[PDB]
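J.: This is the structure I want to talk about, given as structure tokens.
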Amino acid sequence: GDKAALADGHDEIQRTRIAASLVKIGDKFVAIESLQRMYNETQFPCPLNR
Amino acid sequence: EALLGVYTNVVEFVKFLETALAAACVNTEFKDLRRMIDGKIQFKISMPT
């Protein structure tokens, strides 16, 4: 009963169809995204390259 | 006495559109290219930040 009071948003938000890549690791589904396209089109150094 | 001979033909080759090299180039037929002096392409690259 607390769950409806715990999250006002993220219940009854209109769902959609998101295009992204996925991967299956054990019992868990993980998404994979590489953000170099948003850093190499603006020509700042990427924070994942350490 | 009329003499005849044997000639062998020139071995023809596959034309340019039927080779698979034309997947690397874009082919147009510009009819009068000996009138052209120059040709240019002008890019305009806007950059986000």
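Note that we place each Cβ from the backbone using ideal geometry, even for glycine, and neighbour counts take in every protein chain shown. Each value in this text was obtained by applying a stated rule to the coordinates, not by laboratory testing.
J.: When segment A:24-47 is examined, which residues are found to be more than 14 Å from chain B (Cβ to nearest Cβ), farther than 30 Å from A:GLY1 by Cα and more than 16 Å from the chain's Cα centre (by Cα)?
T.: A:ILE25, A:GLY26, A:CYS46, A:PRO47
J.: Same structure again: Among the listed residues B:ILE37, B:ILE41, which satisfies the condition of being under 30 Å from A:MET38 (Cα atoms) and over 14 Å from the mean Cα position of the chain (by Cα)?
T.: B:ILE41
J.: Would you check if A:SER21 is more than 14 Å from chain B (Cβ to nearest Cβ) and in contact with a strand residue (DSSP E or B) (Cβ under 6 Å, 6 or more places away or on another chain)?
T.: Spelling it out, A:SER21 is indeed more than 14 Å from chain B (Cβ to nearest Cβ) and in contact with a strand residue (DSSP E or B) (Cβ under 6 Å, 6 or more places away or on another chain).
So that you can scan it fast, the table gives a plain yes or no per residue for (1) assigned to a helix (DSSP H, G or I); (2) more than 14 Å from chain A (Cβ to nearest Cβ); (3) in contact (Cβ under 8 Å) with a residue 60 or more places away in the chain:
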| residue | (1), (2), (3) |
| --- | --- |
| B:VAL14 | no, yes, no |
| B:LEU17 | yes, yes, no |
| B:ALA22 | yes, yes, no |
| B:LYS31 | no, yes, no |
| B:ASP38 | no, yes, no |
| B:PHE43 | no, yes, no |
| B:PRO48 | no, no, no |
